[PDB]
Amino acid sequence: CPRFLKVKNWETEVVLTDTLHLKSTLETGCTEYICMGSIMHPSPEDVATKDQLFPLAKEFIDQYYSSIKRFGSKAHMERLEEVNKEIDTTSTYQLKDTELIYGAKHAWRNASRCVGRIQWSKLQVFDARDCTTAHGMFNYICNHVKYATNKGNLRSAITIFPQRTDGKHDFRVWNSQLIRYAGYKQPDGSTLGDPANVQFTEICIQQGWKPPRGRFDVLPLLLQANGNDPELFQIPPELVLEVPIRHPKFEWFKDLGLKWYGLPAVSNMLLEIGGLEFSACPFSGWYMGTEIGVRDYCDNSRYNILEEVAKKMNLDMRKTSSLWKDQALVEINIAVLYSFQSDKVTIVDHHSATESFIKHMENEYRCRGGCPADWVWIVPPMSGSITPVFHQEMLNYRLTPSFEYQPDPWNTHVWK
Amino acid sequence: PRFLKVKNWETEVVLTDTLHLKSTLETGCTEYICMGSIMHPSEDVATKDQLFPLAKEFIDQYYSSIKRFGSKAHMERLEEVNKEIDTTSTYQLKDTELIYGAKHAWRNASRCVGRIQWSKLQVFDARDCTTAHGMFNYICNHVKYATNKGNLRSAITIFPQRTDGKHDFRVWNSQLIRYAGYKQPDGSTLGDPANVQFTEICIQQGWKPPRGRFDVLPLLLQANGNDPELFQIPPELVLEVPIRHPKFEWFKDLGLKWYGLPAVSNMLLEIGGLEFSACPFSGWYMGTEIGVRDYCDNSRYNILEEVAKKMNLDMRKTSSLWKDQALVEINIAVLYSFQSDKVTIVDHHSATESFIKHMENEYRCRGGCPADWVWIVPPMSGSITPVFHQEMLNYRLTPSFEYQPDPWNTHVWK
Ligand code: HEM
Ligand code: HEM
Ligand SMILES: Cc1cc(N)nc(CCc2cc(CC[C@H]3CCN3C)cc(F)c2F)c1
Ligand SMILES: Cc1cc(N)nc(CCc2cc(CC[C@H]3CCN3C)cc(F)c2F)c1
Ligand SMILES: C[C@H](O)[C@H](O)[C@H]1CNc2nc(N)[nH]c(=O)c2N1
Ligand SMILES: C[C@H](O)[C@H](O)[C@H]1CNc2nc(N)[nH]c(=O)c2N1
Ligand SMILES: [Zn+2]
């Protein structure tokens, strides 16, 4: 208890009532005495036990048969019976393809930090549980990228590799995203390319990558299968769609030489379904403009171009109160959105995205009894209070199935 | 129950929080649900029994603050408050405790980005006040001192504490200086839509409204639980700034102005178990409070179409970011205007930068700093300010400013 929880929207006075939070399972890290809502990561070869796994699978199977309006049927009981026996005789169990598709869509649906969840039920699930080698992983991932890119008309997809077993046979993508640019720490302390990727770039070079040492080098895939040491693969360049950034008004903006890739595809999170742990589960969607235009380009520890853009705008940069940073930021974000649209590559501005999410969230409250949301992540990094989410109260809690974080593999891997 | 670390992800600075171990009011979150974006998470007079421990704890931390813990003065100041809660069901704060309590409420204000200034706070003890006329007197002295011809100075005025619920001092205004908002026949709003109800309540009490766009509201002052009385602030005390733009000469043609003095007057100050239901307090503005929220909220002055229209921007699709462009211009105007009229104002880049510096001070000397990221990050340009990337721990320390019910919903007239 309590059975009911109200959220208000302070721009429209609309009030919603949440009962879904009663099904939350994991801890948030908050207590009655302290709130950790702005902490990024709250919360070994160790794996669930038989007794731990029984209730987690039952809970998930019950949920799945509830969703197909067959709860308590004979099929329901026989699925429970089958799974309880696998767990007894093998200490693990295998999802039916229909449960694997359900669990993945619902991990997306339950992702409280995702603003794009109105699309959750339209998600292409690529079952890759038959993969046994890194080459096989590389083939599955290329088909993922091609399907998802779709010549600019991007479609959301996830590829799911074999689940963890004893913890020593994990499948991992070592990339944090399938497509990222490389970062090269120079001897003089400067950074070429993407500073966020300096460490991963160095691991790739050590594993034998020959870097072109440019500003926008796509990194190779580093892929670990069945617990073996990882292996480098170059993504075929014709499968990486990229967009040159230009500005509709400023002639000079193309002279900055900026570009970005089309397909955002997280590959380092763990997918938890019914107590099973899919440690390799790359998933992709399309970009919200500000992810590129504010964070990737203007974060001080990223490409950090505000200074250069402001100079070409001839803004007063001597004091902060001129708001030269804020002016350049908007123009950079107009250019990003202009470029992706002109190339007919799918992208969504932050106004459209937040407005869609408010509608999604209301529908979820209406049809499901709630929608976990992380205000700190849902609100866009620019122009927050002129998007509907800023004024929207949100409840954050953890439903399963879910995408979770997991430690970087180089910290844990045992080299053979 | 450990030390907790917070990390800034831009600078990779890590601070260790021990202070949260001393908090005792609830946040409203649980281990299963986080509520950090709820605005108001969840006869309100404590009895004698609740009151002494609260009081004992406040006196304890006061004497600990002045390096005289367990002293003679401390031993006897305790017995004094014990005896007093006994015989009167309440107790009275010394002048020094009142000032320390007030400054430390500001210091514990998790939602306040401005707290680098917490100890430069002018405290006006108005606990001898007994009537709305006396309240109006103390308030005009506040406004005049805090305005200071444009060199604004932080201040609080503290009216008598709650006793039995029936004798309650309240400023019915949410802020000492606000513009009236008028419901129109055609259904629209002239002036500030945020105060449409309150504007009607003052009309219902005899206020003749100029029905203009920027009408300063009267004070509605309730003393000792009586019906509230209206008062006109002497206009020579209300400092305003006409908003113009340093590039666009058509911006003055918008006819916009705002008041220099932001003064919250609807909150409750809680010190040592005592409740000061009238405690108006004031500082100076961060430019976004006016330029983003007051001017560009939908439920507020809502001037964005107008501005981008005179900027001749493409307003057909959202992805021209025509709202984002017009918002930066409006906020440049606001900052340029105050600075040109030498009225104290702070931009959100400098204010968040100061707050990070304040956070370092507080972790160093106090072992923490409760901070509400949802409220600390500015309503525009978030991730180009240092606070966006700063992890924050939010917890509830007393003394504290609390919310209280709107007065019109509680008051039974006679
Ligand atoms: C289809 C369009 C999509 C849009 C517009 C979108 C948008 C976003 C954005 C802006 C974030 C914040 C990311 C950040 O700032 O780092 C996010 C987070 C996230 N998204 Fe979505 N996303 C989409 C698709 C998906 C899909 C297909 C999945 C999974 C099947 C997904 C799962 C997640 C998860 C788990 C997070 C949390 C990431 C983290 O904690 O680092 N998203 N999304
Ligand atoms: C001196 C300059 C100051 C600045 C620049 C400043 C800035 C701010 C800002 C931007 C907010 C968020 C306001 C909102 O969105 O409603 C805020 C909230 C707050 N401030 Fe400060 N402030 C200052 C002085 C003060 C003083 C003197 C006090 C008390 C003595 C104070 C106590 C508070 C409280 C309690 C809140 C939270 C109000 C709420 O939750 O509604 N501030 N401040
Ligand atoms: C499936 C999916 C769809 C969409 N749209 N976004 C994501 C998040 C991944 C993602 C997020 C961002 C924003 C800036 C990030 C980088 C550091 N800061 C947290 C930049 C990317 F390049 C990226 F790939 C996942
Ligand atoms: C003491 C003190 C100093 C400073 N600088 N700010 C405050 C907050 C008060 C305050 C805050 C705002 C923000 C816009 C509206 C939308 C929500 N919020 C009420 C608009 C004001 F007009 C105002 F007065 C208090
Ligand atoms: C729902 C949410 O709590 C609400 O809109 C908050 C968000 N953060 C805020 N932050 C500030 N500074 N001021 C506000 O009024 C709000 N409103
Ligand atoms: C400190 C804070 O938790 C952290 O910087 C968060 C803020 N909100 C965010 N929101 C999104 N979408 N992505 C982020 O990386 C962050 N970073
Ligand atoms: Zn919380």
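What counts and what doesn't
- Residues numbered from 1 in each chain as written, not as in the entry; some residues may be left out.
- Chains lettered and ligands numbered in written order.
- Heavy atoms only, no water.
- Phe/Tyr/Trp six-rings, centres within 6.5 Å; stacked < 30°, edge-to-face > 60°.
- Helix = DSSP H or I, 4+ residues; strand = E, 2+ residues; numbered from the N terminus.
- Buried < 20%, exposed > 50% of the residue type's maximum accessible area, 1.4 Å probe, protein only.
- Donors = N, O, S within 2.8 Å, 3.2 Å for Na, K, Ca; no water.
- Domains from an automatic or database assignment.
- Contact = heavy atoms within 4.5 Å.
- Buried area = accessible area lost by both parts, 1.4 Å probe.
- Salt bridge = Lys/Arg side-chain N within 4 Å of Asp/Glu carboxyl O.
- Polar contact = N/O pair within 3.5 Å; in protein donor to acceptor, adjacent residues only side chain to side chain.
- Nonpolar A, V, L, I, M, F, W, Y, C, P; charged D, E, K, R; others polar.
- Near = heavy atom within 4 Å.
- Areas by Shrake-Rupley, 256 points an atom, 1.4 Å probe, with all protein chains shown as cover.

As deposited, the entry is annotated with X-ray crystallography as its determination method and 2.160 Å as its resolution.

**Details of the packing of aromatic side chains**
All names here are of chain A. Under the definition given, this model contains 44 aromatic pairs over all chains. Measuring from centroid to centroid gives 5.9 Å for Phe60 and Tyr102, while their planes differ by 50 degrees, and the two rings are tilted. Taken together, the positions of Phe60 in helix 1 (residues 50–67) and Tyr102 in helix 3 (residues 97–109) put the pair 42 residues apart, joining distant regions of the chain. When sorted by exposure, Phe60 lands in the same class as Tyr102, which is buried. Relative to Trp410, the ring of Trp174 lies with its centre 6.1 Å away and its plane at 55 degrees, an arrangement referred to as tilted. Remark: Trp410 occurs in helix 11 (residues 409–412) and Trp174 occurs in the loop between strand 5 (172–173) and strand 6 (183–185); sequence separation between them is 236 residues.

**Quick word on the coordination of the iron atom of ligand 2**
You will see that the iron atom of ligand 2 has only one donor from the protein, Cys112(B) (SG), lying 2.4 Å away. Tracing the backbone through its elements, the reader meets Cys112(B) in the loop between helix 3 (95–107) and strand 3 (122–125).

**A few points about the domain arrangement of chain A**
Residues and elements named next belong to chain A. Taken as a whole, chain A is organised into domain 1 (18–129 + 156–166 + 270–284 + 354–378), domain 2 (130–155 + 170–241 + 405–409) and domain 3 (242–264 + 287–352). Using C-alpha coordinates to define each centre, domain 1 is positioned 36 Å away from domain 3. The interface of domain 1 with domain 3 comprises six residues on the first partner and six residues on the second. Counting each side, the surface lost to burial between domain 1 and domain 3 is near 400 Å², with a carbon and sulfur contribution of 45%. In this assembly, domain 1 and domain 3 are joined by zero salt bridges. The interface formed by domain 1 and domain 3 includes five residue pairs in polar contact.

**Examining the pattern of salt bridges**
Counted according to the given criterion, the structure contains 50 salt bridges over all chains. Of the charged contacts, one joins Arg316(B) and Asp314(B) as a salt bridge, the two residues approaching to 3.0 Å between their closest N and O atoms. For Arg316(B), a relative accessible area of 76% translates into the label exposed. Residue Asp314(B) is classed as partly exposed on the basis of its relative accessible area, which comes to 41%. Each of the salt bridges in this network shares a partner with another, and the network as a whole consists of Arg79(A), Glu82(A), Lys96(A) and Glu99(A).

**Quick word on the domain arrangement of chain B**
Residue and element names in this part refer to chain B. Entries for chain B in the domain assignment read domain 1 (17–127 + 154–164 + 268–282 + 352–376), domain 2 (128–153 + 168–239 + 403–407) and domain 3 (240–262 + 285–350). Computed from C-alpha coordinates alone, the two centres of domain 2 and domain 3 are separated by 24 Å. The interface of domain 2 with domain 3 comprises 18 residues on the first partner and 17 residues on the second. Interface area for domain 2 against domain 3, summed over the two sides, is near 1,700 Å², with a carbon-plus-sulfur share of 55%. Together, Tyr179, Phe214 and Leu239 form the three largest contributors to the area buried by domain 2 at its contact with domain 3, with a combined 36%. Where domain 2 meets domain 3, there are one salt bridge. For the side of domain 2 that touches domain 3, the element with the highest residue contribution is helix 4 (residues 132–147), accounting for three residues. For the side of domain 2 that touches domain 3, the per-class residue count stands at ten nonpolar, five polar and three charged.

**Some points on the site of ligand 4**
Residue and element names in this part refer to chain B. Near ligand 4 you find 13 residues, and of these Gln175, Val264, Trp284, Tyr285 and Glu289 are the closest. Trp284 is positioned such that a nitrogen or oxygen atom in its backbone is 2.5 Å from a nitrogen atom of ligand 4. Side-chain polar atom of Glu289 to a nitrogen atom of ligand 4: 2.7 Å apart, as the coordinates give it. Notes on ligand 4: free accessible area 560 Å², of which the protein chains cover 72%. Sorting the residues of the shell around ligand 4 by element identifies strand 15 (281–282) and helix 6 (287–296) as the ones contributing at least two each. Tallying contributions element by element places helix 6 first for the shell around ligand 4, with three residues. Residue composition of the shell around ligand 4, by class: six nonpolar, three polar and four charged.

**Considerations on the coordination of the iron atom of ligand 1**
Each pair of donors in an ideal four-coordinate tetrahedral metal site encloses 109.5 degrees, whereas pairs in an ideal six-coordinate octahedral site enclose 90 or 180 degrees. Just one protein atom coordinates the iron atom of ligand 1, and that atom is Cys114(A) (SG), at 2.3 Å. Tracing the chain through its elements places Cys114(A) in the loop between helix 3 and strand 3 (124–127).

**Considerations on the site of ligand 6**
Taken together, the residues surrounding ligand 6 are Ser38(A), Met40(A), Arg295(A), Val376(A), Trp377(A), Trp373(B), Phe388(B), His389(B), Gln390(B) and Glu391(B). Positioned at a junction of chains, ligand 6 has nearby residues supplied by chains A and B. One of the backbone N or O atoms of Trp377(A) is found 3.2 Å from a nitrogen atom in ligand 6. Contacts to ligand 6 include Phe388(B), whose backbone N or O atom sits 3.0 Å from an oxygen atom.

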